[PDB]
Amino acid sequence: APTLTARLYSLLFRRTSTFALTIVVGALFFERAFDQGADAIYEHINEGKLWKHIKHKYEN
Amino acid sequence: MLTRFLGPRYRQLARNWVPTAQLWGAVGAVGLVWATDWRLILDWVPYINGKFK
Amino acid sequence: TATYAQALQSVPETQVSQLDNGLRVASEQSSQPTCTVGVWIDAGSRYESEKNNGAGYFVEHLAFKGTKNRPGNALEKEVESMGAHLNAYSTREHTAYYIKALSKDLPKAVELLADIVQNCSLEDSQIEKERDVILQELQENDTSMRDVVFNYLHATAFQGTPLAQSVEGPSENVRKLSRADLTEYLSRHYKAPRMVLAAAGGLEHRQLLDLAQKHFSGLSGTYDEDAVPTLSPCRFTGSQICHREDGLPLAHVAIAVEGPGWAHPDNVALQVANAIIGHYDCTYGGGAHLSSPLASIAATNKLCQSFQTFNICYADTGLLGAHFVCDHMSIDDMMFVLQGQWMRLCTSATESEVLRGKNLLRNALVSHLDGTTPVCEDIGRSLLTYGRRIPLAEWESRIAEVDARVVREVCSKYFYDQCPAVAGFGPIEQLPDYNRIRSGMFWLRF
C-alpha cells in the first residue's frame, strides 16, 4: 500500500513526457466538465432564458 | 557526409530517445486536436460528445 | 597466456574463523616475507551521541600510548625495534588498528594488537596531554577546505542524525570528555562480535587462529543483557550549506544525492557510472582528449582545478555525487556540466562508455588490492559490512552484468528528479541557488 500521489508521481509525473501528456489530456476533460458543470450552475440560478421561453413555439 | 552520425553508438542513442520522441508526438497530437476541437478525431472519444449527434 | 578471467580464480580464498568469543578471524595467505594484521571494529562517530561525540577519536590518540603490560612508550619501542609500523584510523562506521610487519613477527604483532585493543591504560595525564593535541588537529583540519566541505556535506545531508556529526567531535567535547566517558564508550563498543582480526601475507590461517585464541580469548566471556548496540537509520535531507568566505582563493563545492548503502547491489552500476564521469586534476596529461565529457570540457575551458566523483557508503544510506574545486567565476559552469552528465547517463547512456566505465572499475579494483595492507583492510572491513569476503570474480560478474540499460535505470533511480545535498565553502557568490540546482536534476525534454 503506497499512496495516491506517489502512484501519480511514478506512473505520470517523473517524466516530462508523461507529465505533459497527462495535463493536455487533463485540459481536454477539465474544459468539457467545467463548461458543462458551470453552464448548469448559470442556468439553475436564472431560468428566464431563451430556452424555457422556446418550448412555447415548435410551430412556426 | 551525414555518415558522421552513422554507427553503433548513434543507433543506441536513437533508441533511447524513441519513447521520448513517441510520447512527445502523443502530447502534440492530443494538443492540436483539443485546441481546434477536431470534429473528426474527437467524435470518437466516449465523453466529450458535446456535439450531440 | 593466463587470461584475466583465469587469474581471478587464481586468487586464494580468504579463510574465515570464529572463536567462542564471537571474534571473527580472517586471513589471505600469499607467501610474501611481510604482512599486515590488525583489528577492525565497527564503532565510529555514527555510534556516538551528542554528548560523547569524538570519543573514539580520543581513544585512537590514547591507543598507542601505553597498555597495562607495556605502559608509557614501551609499545613504540617494541614495534619500532622490530621494524614494524603501527597505524590506526576512524571513520563514522569503522575503526582500525593494524601492524605492518616482517611475516615471522606475526606472533608479537598479534600479541601487541590484543594488548592495545584490551588493556589500554588511558592514564589521566595522557588524556590531558592529548586534549591539546586534538584541539590542535582541529585548527589544523580547519585549513583543509576539502575536509571541511565533506564535513559540511554530511552535516546538512544527515542534519538531525548521528551521521551528521564529524569524527573528531566539536571542540567542547574534546574539552570536557573525561576518562569515564572513554572507558564506557570502550566497554560499550570494543566487544568481540563487532571485531574482526584480519591478516594478509606470508602467514597461515591456523597460526592466526591459534594466536587469536591465545591472545584474544576472554572478551565476551561476559556479553550483555539488555545493552542497546543497535543502529537507527539516518534521515537524508535535500539541503544546502554555504560558508561564504571571499578571502579564500578557490571555491570548494560538494553535491550529493542519497546513496543506498554498503549492502545494495546497485553500488556496482553506480560506480561504473561514476568511473564514466571520472575525476580530473589540472596536472593530468592530455585534457581536451579525455574520454569523460566533464573532464575534457573542464580541461578545455578551465572550469576546474580538480573534481572527483564519489560514492560514500554507510549502512542503508550513503552519499553519491561529486566534489570540485574552482575559480569564483566558474562554479556556475562546473555545476551545469556536472549535472548535464548525470542527466545524460540517466536517460541516454551508450554502450561503449559503459564498457570503459566497467574496465575502469576492473583496473581500479585490482590495482587497489595490491600489497598486504590494502588487502588486509579489505578483509577486515568487508567482514564488518558484507559479512563475507566477496572474491574477485564475484565482483567481476557483477561488473559484467552492467550494460547501458543498467546504468540508465540505476542512475535514474538515485539521481533523476532527486533533492541533492549541497555543501559550499569559499568565494561562492556564483554558486547556483538551490532551486536552480534542484531544477538541474531533471530534464524537461525527458
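Residues numbered from 1 in each chain as written, not as in the entry; some residues may be left out. Chains lettered and ligands numbered in written order. Part of a larger assembly, values for the part shown. Heavy atoms only, no water.

Per the PDB entry, chain B goes by Ubiquinol-cytochrome C reductase complex 6.4 kDa protein and derives from Bos taurus. This entry carries the title "structure of bovine mitochondrial cytochrome bc1 complex with a bound fungicide famoxadone". As stated in UniProt under Subcellular location, the record for chain B gives "Mitochondrion inner membrane". (UniProt positions renumbered as here; feature names shortened; annotations may be inferred.)

Chain A has the name Ubiquinol-cytochrome C reductase complex 7.2 kDa protein in the PDB entry, where Bos taurus is given as its organism. The Subcellular location field of the UniProt record for chain A holds the comment "Mitochondrion inner membrane". What UniProt states about chain A under its Sequence similarities heading is, verbatim, "Belongs to the UQCR10/QCR9 family."

Visitor: Just to check I follow, could you spell out the overall build of chain A for this structure?
Guide: Looking only at helices and strands, one finds three helices and zero strands in chain A. Tracing chain A from N to C terminus, the helices and strands come up as α-α-α. If one aligns the C-alpha atoms of chain A with their principal axes, the spans along those axes are about 60 × 25 × 15 Å. Residues classed as buried in chain A amount to 10% of the 60 residues present. Working note: accessible area of chain A is about 5,200 Å², and carbon and sulfur atoms make up 65% of it. Side-chain charges in chain A split into 8 positive and 6 negative, and the spacing between the mean points of these groups amounts to 12 Å. (Helix = DSSP H or I, 4+ residues; strand = E, 2+ residues; numbered from the N terminus. Buried < 20%, exposed > 50% of the residue type's maximum accessible area, 1.4 Å probe, protein only. Areas by Shrake-Rupley, 256 points an atom, 1.4 Å probe, with all protein chains shown as cover. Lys, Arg positive; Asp, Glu negative; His and termini not counted. Charge placed at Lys NZ, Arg CZ, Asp CG, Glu CD.)

Visitor: Honestly, the nonpolar core in this entry has me stumped. Any pointers?
Guide: Within soluble globular proteins, side chains that are nonpolar generally end up buried alongside one another. Residues and elements named next belong to chain C. Counting 70 residues, the largest nonpolar core has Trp40, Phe307, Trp342, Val407 and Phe415 as its most contacted members. By residue number, the principal contributor to this core is helix 12 (residues 331-348), which donates nine residues. Membership of the second largest hydrophobic core comes to 53 residues, among which are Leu75, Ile134, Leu182 and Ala192. (Core = buried A, V, L, I, M, F, W, Y, C linked by side-chain atoms within 4.5 Å.)

Visitor: It is not clear to me how the pattern of salt bridges should be interpreted in this structure. Could you clarify?
Guide: Side chains that differ in sign of charge can pair as their charged atoms come close. Residue and element names in this part refer to chain C. Counted by the stated rule, this structure contains 22 salt bridges over all chains. For the salt bridge of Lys413 with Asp266, the shortest nitrogen-to-oxygen distance reads 2.9 Å. Of the two residues, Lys413 sits in helix 16 (residues 404-415) while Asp266 sits in helix 10 (residues 266-277), which places them 147 residues apart along the sequence. Judged by relative accessible area, which is 44%, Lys413 ranks as partly exposed. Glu394 is paired through a salt bridge with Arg398; the nearest N and O atoms lie 3.2 Å apart. One end of the pair, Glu394, and the other, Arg398, are both in helix 15 (residues 394-401), four residues apart, so they sit about a helical turn from each other. Since its relative accessible area comes to 26%, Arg398 is described here as partly exposed. Sharing partners across several salt bridges, the network here consists of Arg70, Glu78, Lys108, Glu111 and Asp115. (Salt bridge = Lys/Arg side-chain N within 4 Å of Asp/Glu carboxyl O.)

Visitor: Would you take a moment to explain the UniProt feature "transmembrane region" in chain A for this structure?
Guide: The positions that UniProt labels "transmembrane region" are, in the present scheme, residues 20-45 of chain A. Between the end C-alpha atoms of residues 20-45 of chain A there is a gap of 37 Å, over a span that is 100% helix and 0% strand.

Visitor: Please explain helix 6 (residues 145-157) of chain C as it appears in this structure.
Guide: One full turn of an α-helix is made of 3.6 residues, so residues set three or four places apart face in the same direction. Between its first and last C-alpha atoms helix 6 of chain C spans 18 Å; for 13 residues at 1.5 Å apiece the expected length is 18 Å, and the two agree. Structurally, helix 6 of chain C contributes buried residues whose contacts are with helix 5 (124-141), strand 7 (240-244), strand 8 (251-259), strand 10 (306-314), strand 11 (317-326) and strand 12 (421-426) of chain C. (Expected span 1.5 Å × (residues − 1). Contact = heavy atoms within 4.5 Å.)

Visitor: How do you make sense of the UniProt feature "transmembrane region" in chain B when you look at a structure like this?
Guide: Here, UniProt's "transmembrane region" annotation points to residues 13-35 of chain B. With 100% helix and 0% strand, residues 13-35 of chain B has end C-alpha atoms that lie 33 Å from one another.

Visitor: Is there a simple way to think about the interface of chain A and chain C in this case?
Guide: Interfaces are frequently sized by the accessible area removed from exposure as the parts join. Every contact between the two is made by five residues of chain A and, on the other side, seven residues of chain C. Summed over both partners, the interface of chain A with chain C comes to about 550 Å²; 40% of that surface belongs to carbon and sulfur atoms. Considering only the side of chain A, the residues that lose the most area to chain C are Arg14, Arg15 and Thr16 of chain A, jointly responsible for 80% of the buried surface there. Applying the counting criterion to the chain A and chain C interface returns six residue pairs in polar contact. (Buried area = accessible area lost by both parts, 1.4 Å probe. Polar contact = N/O pair within 3.5 Å; in protein donor to acceptor, adjacent residues only side chain to side chain.)

Visitor: Looking at this structure, how should I read the layout of surface pockets?
Guide: One simple way to see leftover space: roll a probe sized like a water molecule over the atoms. Residues and elements named next belong to chain C. Within this model, the second largest pocket holds a volume of roughly 520 Å³. Forming the walls of the second largest pocket are 24 residues, and the residues nearest its centre are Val11, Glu28, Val375, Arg389 and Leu392. Residue assignment for the lining of the second largest pocket shows that the elements contributing at least two residues are helix 1 (4-9), strand 2 (24-29), strand 6 (195-201) and helix 14 (372-385). For the lining of the second largest pocket, the element with the highest residue contribution is helix 1, accounting for three residues. In the lining of the second largest pocket, the residues fall into eleven nonpolar, eight polar and five charged. Of the residues that make up the lining of the second largest pocket, three or more belong to each of domain 1 (14-227) and domain 2 (239-442). (1 Å grid on protein atoms, 1.4 Å probe; cavity = no way out; pocket = protein on both sides within 12 Å on 5 of 7 lines; lining within 4 Å. Points joined across faces, edges and corners; volume = space filled by probe spheres on them. Nonpolar A, V, L, I, M, F, W, Y, C, P; charged D, E, K, R; others polar. Domains from an automatic or database assignment.)

Visitor: Looking at this model, I keep getting lost on the side chain of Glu168 of chain C. Mind explaining?
Guide: Residue and element names in this part refer to chain C. Its location among the elements puts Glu168 in the loop between helix 6 and helix 7 (171-176). As a buried residue without a salt bridge, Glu168 has its nearest oppositely charged side chain in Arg92, at a separation of 6.7 Å. Once you skip the residues sitting within four places of it in the chain, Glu168 turns out to touch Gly54, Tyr57, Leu138, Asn141, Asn151 and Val174.

Visitor: Help me understand the sheet that holds strand 9 (residues 279-281) of chain C, please; the structure alone is not making it clear to me.
Guide: Each strand in a sheet pairs with its neighbour through backbone hydrogen bonds, running either in the same direction (parallel) or in the opposite one (antiparallel). All names here are of chain C. Sheet architecture is open: six strands sit in the order 7-12-8-11-10-9, paired in mixed fashion. Both edges of this open sheet fall to strand 7 and strand 9, since each of them pairs with a single strand only. Between one strand axis and the next, the sheet turns by 20° as a mean value, whatever way the strands run. Helix 12 contacts strand 8, strand 10 and strand 11 of the sheet and is inclined by roughly 140° relative to strand 11. (Pairing = 2+ DSSP bridges. Axes fitted to C-alpha atoms, helices over the stretch in contact; angles between N-to-C directions.)

Visitor: Sorry if this is basic, but what is going on with the pairing of strand 11 of chain C here?
Guide: In summary, the side chains of a regular strand alternate between the two faces of the sheet. Residue and element names in this part refer to chain C. Of all ten residues in strand 11, ten are buried; the element is thus mostly enclosed. Inspection of the sheet shows strand 8 paired to strand 11 by nine bridges, in the antiparallel sense. Counted as the bridge partner of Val253 is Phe324 from strand 11. By the bridge criterion, nine bridges tie strand 10 to strand 11 in an arrangement that is antiparallel. Each residue of the ladder has a partner; that of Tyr314, found in strand 11, is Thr317. Taking the residues between adjacent antiparallel strands as the criterion, strand 10 and strand 11 are bridged by two residues, where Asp316 takes a positive phi near 65°.

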